[PDB]
Amino acid sequence: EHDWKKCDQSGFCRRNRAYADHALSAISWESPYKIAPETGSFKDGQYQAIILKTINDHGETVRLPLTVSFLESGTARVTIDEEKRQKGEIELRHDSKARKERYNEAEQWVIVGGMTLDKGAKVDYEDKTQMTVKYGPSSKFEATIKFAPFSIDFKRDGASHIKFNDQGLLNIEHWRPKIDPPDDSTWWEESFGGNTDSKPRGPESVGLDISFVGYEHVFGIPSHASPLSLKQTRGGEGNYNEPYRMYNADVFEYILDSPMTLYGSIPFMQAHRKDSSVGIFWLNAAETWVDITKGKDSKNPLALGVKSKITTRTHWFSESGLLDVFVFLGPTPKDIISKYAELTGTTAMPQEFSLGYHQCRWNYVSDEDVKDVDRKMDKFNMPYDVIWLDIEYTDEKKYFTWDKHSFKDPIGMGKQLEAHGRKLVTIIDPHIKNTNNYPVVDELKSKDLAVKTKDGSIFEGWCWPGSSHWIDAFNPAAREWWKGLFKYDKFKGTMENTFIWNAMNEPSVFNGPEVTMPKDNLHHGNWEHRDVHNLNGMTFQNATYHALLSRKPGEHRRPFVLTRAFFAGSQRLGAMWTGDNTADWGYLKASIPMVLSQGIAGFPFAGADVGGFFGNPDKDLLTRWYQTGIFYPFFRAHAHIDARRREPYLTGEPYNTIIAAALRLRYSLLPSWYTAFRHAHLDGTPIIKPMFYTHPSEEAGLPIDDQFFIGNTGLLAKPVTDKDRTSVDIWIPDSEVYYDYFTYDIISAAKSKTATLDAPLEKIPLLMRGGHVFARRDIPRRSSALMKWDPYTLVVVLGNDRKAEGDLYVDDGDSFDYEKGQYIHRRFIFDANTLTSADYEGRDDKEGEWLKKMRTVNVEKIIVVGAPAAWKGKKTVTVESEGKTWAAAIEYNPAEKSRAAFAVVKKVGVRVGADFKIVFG
Ligand SMILES: OC[C@H]1O[C@H](O[C@@H]2[C@@H](O)[C@@H](O)O[C@H](CO)[C@H]2O)[C@H](O)[C@@H](O)[C@@H]1O
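Residues numbered from 1 in each chain as written, not as in the entry; some residues may be left out. Heavy atoms only, no water.

Structure determination for the deposited model, as stated in its record, used X-ray crystallography, and the stated resolution is 2.40 Å.

Taking the PDB entry as the reference, the chain is identified by name as Alpha glucosidase-like protein belonging to Chaetomium thermophilum. Its UniProt record gives the chain a comment under Pathway (unreviewed entry), which states: "Glycan metabolism; N-glycan metabolism." The heading Catalytic activity (unreviewed entry) in the UniProt record of the chain holds the text "Hydrolysis of terminal, non-reducing (1->4)-linked alpha-D-glucose residues with release of alpha-D-glucose." (UniProt positions renumbered as here; feature names shortened; annotations may be inferred.)

Written out as structure tokens, the structure is:
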């Protein structure tokens, strides 16, 4: 039975909430923080200065240095530190060796670019009340710094969009000694969950109010079982009462519709309205809470006599470290997320197989179980790419071992899978069993690679194996060590098709407070665990990522690693999933806003356990779950140890047939999924896209989180996620023509609206937007690897303009050769009765081995949906490619009831890597 801190039980949460209550209550609250104007200098894209915080009635002050940066991107950055702790002029309690300064290495872990300062940014106006800086593209952005009381105001297009400290909630808890008097009851030791945090530094939280001016919707800060449009947190009907929490934790049977923390945290929030978008990124690795309220601008937000325009007020606070925030002014969603990704990284190029279907449970119990499941999937014509081994494969929960009784020949199991280009994934968690005759633990201790307690002893606690120690992946040497442990000749029973799953990396500690480590544990650098908690997961995933780059000499290849816990930047390192969900309809429905929130926070490679993890889903739920799951960028079935076997072939008819069809759709679209990952790699474009992203001009889109577009395809999905539903209402975003993917029925033309669509169990509700081209592979195979050289079908979807565009990206799916241009990237354009293929980047024609072999690979088929009538009774198209011209057969099919006119060209016979031109009509 799990115990979680509510705000009031977290000391620094209580104090910041109470500081907010006081400020909103008080008459003429002023933030007791001022820039000393004469400390101010602007140079070379950067203001620096000293804020003075007034700490008492007597006017005594402390010095907090302020750094405001204006980046070339047109992002700004605001940092506040504490001068006394920069200089070491404090004393820790208990003779702690913990670092005196404010944690300042989050940047190091997270930021990989976009830091170049804009020398074209400049002071427009100054005096000794305030200064305004102009920055970003042709100086369209303004920041007005106010000195007294400190505030910042971020503007563009003649208005404030984001304000810092307008409510006067700035709070840097300055260091103080523990002294009896000449409410401090949460300042020092705090007890929770069987543990007492010694709290050697005392109070050190950082907080700020950030207002989004004229914005009614905000989004991000995953992961939460919450809508995509975030709720208010200060009570009221359909609101929460607690702030949103980010404190990566192992939350057994986490509930729906809640601001409680889950397993990963990305403190990035965006605000969206019609044709305007902004956002912020709160770069802090400590426990972080976010309150959100919405109302009028007046101090009483329900007052009469004022403008009705809504502002969203947010109140951010973290336990320790710097106050460090980035500000994005957009003005589109695409802009914001694109800039965020320049800072924190784009999605890594994935292993192509990892977009396939993954089959998992706790546990497959032998190598015979695995090999039998493999054969059963082929027998029932259910394609999949990966079979997964959970923790029972180990020798008594020791990582880098196998149970010999149960897994006799892991190499042989390996090789059966390799017969179909399939892969094996095996779990490795960060806890190392504290036992005898275990070289891994000996090396961990002796090399000093383990996480430590508050007095420098090696931390010990309980997880799967019993007593355990934890690798300290913040330590570069622990990462270098770890890399060694995964070589094929070192990690026996693994081979080239073996990849890795990290869980329990929050870290999960069974006997620990909130199932994690004490706050006063110590890491490499002597940082407290409180400083770095939300980075821990990602440190561990990073270590594992780099271990898979090269596992034998001459190997250099893309890792695939699934993580449970994560942070900003984890997108560079692999996939995630939403942890231990439950086999129930509510969880299926909730999966979609969660997965969407992931990608709009820059970490799109995301999914939830298909079927739900806890319990036994009914057969219709499981079937629906496959129909949703084929639209997760990470698509894996998984099941708890007490759950019945539910490998998909066990479901029974008619469900087997329906689930097989879902799988085949996923596989057929694999070329378009892969292309969407490509874009995610190139500029952080989400893989599936909410309406607010694709249609920033459509106000009615803002709260919608149960449908989405796929990549660049124009495919609009809305899976059924309610019990016994046999139809679905799809919001049509705009006036373009939308076609049923299966029948080509015209659903809407001409007008935005809600359209009703037949949706029985056997139906996947999926629409094709006019204006788009996308590629698929129609030939069914048993895995993605066996699709590698099959021909493509292009679908050209036309509206009234009879124009479209789309794209296709391909490469070997495995190497870093894409970095030297070993790839095919096609842009397809439909215009004036002509489909053309050109290089996406406009490269001229040096061919490696994969590219050479692609010469045998063709577009063989083109389907045109919404074909124009003037094609009626024309029997050929003209095809040109690589100097050669020919005719190919086309059949035109006239419209018929609500079904569209379409046309089909078979046997196109043009190689996918070359320019081409096809003239219709
Ligand atoms: O490795 C086995 C599973 O571990 C994790 O799940 C846990 C869950 O199964 C349950 O037993 O409770 C503990 C404590 O909260 C959880 O950590 C993974 O999330 C799961 O995917 C694995 O199958």
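Visitor: Help me understand helix 13 (residues 655–683) in this model?
Guide: Turn by turn, an α-helix covers 3.6 residues, leaving residues three or four places apart pointing in a common direction. Over its 29 residues, helix 13 runs 39 Å from end to end, which matches the ideal 42 Å to within 8%, given 1.5 Å per residue. At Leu670, helix 13 is bent by approximately 60°, the largest bend along its length, and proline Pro671 sits one to four residues beyond. Of all the 29 residues making up helix 13, 23 are buried; the element is thus mostly covered by neighbouring parts of the structure. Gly684, located one to two residues past helix 13, shows a positive phi value of around 70°. (Helix = DSSP H or I, 4+ residues; strand = E, 2+ residues; numbered from the N terminus. Expected span 1.5 Å × (residues − 1). Bend = angle between axes of the 7 residues up to and from the residue. Buried < 20%, exposed > 50% of the residue type's maximum accessible area, 1.4 Å probe, protein only.)

Visitor: Please explain the state of the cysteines as it appears in this structure.
Guide: What we call a disulfide is simply a covalent bond connecting the sulfur atoms of a pair of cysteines. Applying the stated criterion across every chain, the model contains 1 disulfide. A sulfur-sulfur separation of 2.1 Å characterises the disulfide bridge that pairs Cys7 with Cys13. Its S-S torsion of approximately -105° makes the covalent link between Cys7 and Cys13 left-handed. When sorted by exposure, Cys7 lands in the same class as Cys13, which is buried. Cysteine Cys360 is unpaired, with the sulfur of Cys463 as its nearest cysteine sulfur at 17 Å. In this structure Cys360 comes out as buried when scored by relative accessible area, which is 2%. Relative accessible area serves as the criterion here: at 5%, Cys463 is assigned to the buried category. (Disulfide = S-S within 2.5 Å.)

Visitor: Is there a simple way to think about the site of the ligand in this case?
Guide: Around the ligand, 15 residues are found, and the nearest of them are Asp250, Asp390, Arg564, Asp580 and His638. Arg564 has a polar side-chain atom sitting 2.7 Å from an oxygen atom of the ligand. In the model, an oxygen atom of the ligand is placed 2.8 Å from a nitrogen or oxygen of the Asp580 side chain. Compared with its free state, where it exposes 490 Å², the ligand has 93% of that area covered by protein. Looking at the shell around the ligand, its residues break down into 9 nonpolar, 2 polar and 4 charged. (Near = heavy atom within 4 Å. Polar contact = N/O pair within 3.5 Å; in protein donor to acceptor, adjacent residues only side chain to side chain. Areas by Shrake-Rupley, 256 points an atom, 1.4 Å probe, with all protein chains shown as cover. Nonpolar A, V, L, I, M, F, W, Y, C, P; charged D, E, K, R; others polar.)

Visitor: Hey, could you run me through the side chain of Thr401 in this one?
Guide: Following the sequence through the fold, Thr401 ends up in the loop between strand 23 (386–389) and helix 6 (410–418). A polar contact of 2.8 Å, which involves the side chain of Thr401, links it to the backbone nitrogen of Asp395.

Visitor: Would you mind showing me how to read the layout of surface pockets here?
Guide: Where empty space is left in the structure can be found by rolling a water-sized probe over the atoms. Roughly 770 Å³ of internal volume is contained in the second largest pocket. What lines the second largest pocket is a set of 35 residues, among which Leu24, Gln167, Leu169, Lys299 and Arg313 lie closest to the centre. When residues of the lining of the second largest pocket are traced back to their parent elements, those giving at least two are helix 1 (11–25), strand 9 (150–156), strand 19 (288–295) and strand 20 (311–318). Ranked by residue count, the leading element in the lining of the second largest pocket is strand 19, at 5 residues. Split into classes, the residues belonging to the lining of the second largest pocket amount to 11 nonpolar, 14 polar and 10 charged. (1 Å grid on protein atoms, 1.4 Å probe; cavity = no way out; pocket = protein on both sides within 12 Å on 5 of 7 lines; lining within 4 Å. Points joined across faces, edges and corners; volume = space filled by probe spheres on them.)

Visitor: For this particular structure, what's the right way to read the environment of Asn800?
Guide: Among the structural elements, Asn800 can be located in the loop between strand 43 (792–797) and strand 44 (804–810). Sequence-wise, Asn800 and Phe474 are 326 residues apart; in three dimensions their C-alpha atoms are separated by 56 Å.

Visitor: When you look at the packing of aromatic side chains in this model, what are you seeing that I'm missing?
Guide: For any pair of aromatic rings, the description rests on two quantities: the centre-to-centre distance and the angle between the ring planes. Per the stated rule, a full pass over the model turns up 59 aromatic pairs. Centroid distance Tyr240 to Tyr244: 5.6 Å. Interplanar angle 80°. Geometry classified as edge-to-face. Taken as a pair, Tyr240 and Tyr244 share a single burial class, namely buried. Cation over ring: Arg551 sits above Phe499, and NZ or CZ is 5.4 Å from the ring centre. One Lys or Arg, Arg666, reaches over the ring of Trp673 and ends 4.7 Å from the middle of that ring. (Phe/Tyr/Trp six-rings, centres within 6.5 Å; stacked < 30°, edge-to-face > 60°. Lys NZ or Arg CZ within 6 Å of the ring centre and 35° of its normal.)

Visitor: I would appreciate a short explanation of helix 11 (residues 585–600) in the present structure.
Guide: A rise of 1.5 Å per residue sets the reference length of helix 11, with its 16 residues, at 22 Å; its end C-alpha atoms lie 24 Å apart and thus fit the reference within 8%. Along helix 11, the sharpest kink reaches roughly 25°, centred on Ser591 and followed within four residues by the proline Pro593. With 14 of its 16 residues buried, helix 11 lies for the most part within the structure. Of the residues flanking the end of helix 11, it is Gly602, one or two places downstream, whose phi is positive at about 85°.

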